[PDB]
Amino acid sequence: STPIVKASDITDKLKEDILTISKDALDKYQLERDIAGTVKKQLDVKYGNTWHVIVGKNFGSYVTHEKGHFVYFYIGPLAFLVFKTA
């Protein structure tokens, strides 16, 4: 399923990478925690520390992120909040 981007402060290349890593994450893992974990760890390695990932069907959030490192999107019913801090 093509991701539905709801909010973002991000460049195109970084966005496509996050979405790709997140789709692959869903095929690998069943638990939301593990899905978030593999996204977070891969981004830390590829783009530097420090990433944080929330994956879920019901949550509200308020966070602070580095400029150009924020995306919030759905893949099917599952929402992904992905962002980087210093």
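Numbers follow the displayed sequence, beginning with 1.
Between the stretches 5-13 and 68-76, it is 5-13 that shows the larger average CA temperature factor. The stretch 19-27 shows the higher mean C-alpha B-factor when 59-67 is compared against 19-27 in the entry.
Sort the modelled residues of the chain by CA B factor and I54 lands in the lowest third. Among all modelled residues in this chain, the alpha-carbon of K46 has a temperature factor (C-alpha) in the highest third.
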